[PDB]
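Methodologically, a virtual Cβ is constructed for each residue, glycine included, from the backbone with ideal geometry; neighbour enumeration extends over all protein chains shown. Read the figures in this text as sums done on the coordinates, not as results from a lab.
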Amino acid sequence: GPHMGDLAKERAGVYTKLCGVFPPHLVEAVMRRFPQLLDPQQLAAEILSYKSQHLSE
C-alpha cells in the first residue's frame, strides 16, 4: 500500500473509537507504530505490550 487516500476514512473513525478504548497519549504514539494499519482493536494489541514494557514491579 504505497499510495494513500482511503486510510483517511479508516483512521477517522478508528481514532474516534480509540478515545473510548485508550487515552490520547497512547493512540497518538501507537499510531506511529502502525502507520499502515489503523484499527480500534489492533491498536490495543500494541498498547498491551507497550504498557507491559513500562510497568512497575
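One table, with the values for the structure above:
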| item | result |
| --- | --- |
| With Cα atoms, 0 to 90° folded angle of helix 7-18 axis to the chain main axis | 30 |
| Square roots of five times the Cα gyration tensor eigenvalues for the chain, Å | 23, 12, 8 |
| Nearest 10 degrees, 0 to 90: helix 42-53 Cα axis against the chain principal axis | 30 |
| Helix axis angle, 24-33 relative to the chain longest principal axis, alpha carbon, degrees | 60 |
| Unit charges on C-beta of K, R, D, E only; dipole of the chain, Debye | 80 |
| The chain: relative contact order in percent, alpha carbon pairs under 8 Å with at least 6 residues between | 37 |
| Net charge contributed by nearby residues that have their C-beta within less than 12 Å of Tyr15 (K/R +1, D/E -1) | 0 |
